[PDB]
Structure formats: structure tokens, C-alpha cells
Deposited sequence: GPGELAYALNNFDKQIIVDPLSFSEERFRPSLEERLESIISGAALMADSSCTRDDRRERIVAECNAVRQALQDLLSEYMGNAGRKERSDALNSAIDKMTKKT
């Protein structure tokens, strides 16, 4: 009777109390970082729009 509700409540239906996700995401950020450098360095600081990039960053600072 009351064990039925528990026989299925055992399917993760309680509090959680208390890293893998943040870890994974962390490492994925690591990869993103290294890869982004590698490409900013190949291209070099030439050609691309870097001023409109600064402003956009300052602009959404008056917001974000």
C-alpha cells in the first residue's frame, strides 16, 4: 500500500542535497579558449573589425 508509493518514489523523487557538468563545461571552455587563441594568432591582429568589437563590448556594458 504505502510501499507502492515508495517502490516508485525510489525512482529519484526526493531532495538532492549535494560537479561533472561544470567540469565538462569547464574543459569545453578550455578547448574553446585554446582553439580561439590558435586562430587569433594565425590570422594575426590584421584585417578584421576590432573597433566595432570594442564598442559593442562597451555598449552592452551600459546594459548587460
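- Taken in order along the deposited sequence, the stretches absent from the coordinates are 1-32, 51-54, 101-102.
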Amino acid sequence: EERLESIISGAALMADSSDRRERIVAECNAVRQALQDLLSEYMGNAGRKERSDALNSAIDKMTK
From here on, numbers count along this sequence of modelled residues.
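- When 21-29 is weighed against 49-57, 49-57 comes out higher, by mean CA B-factor as recorded in the entry.
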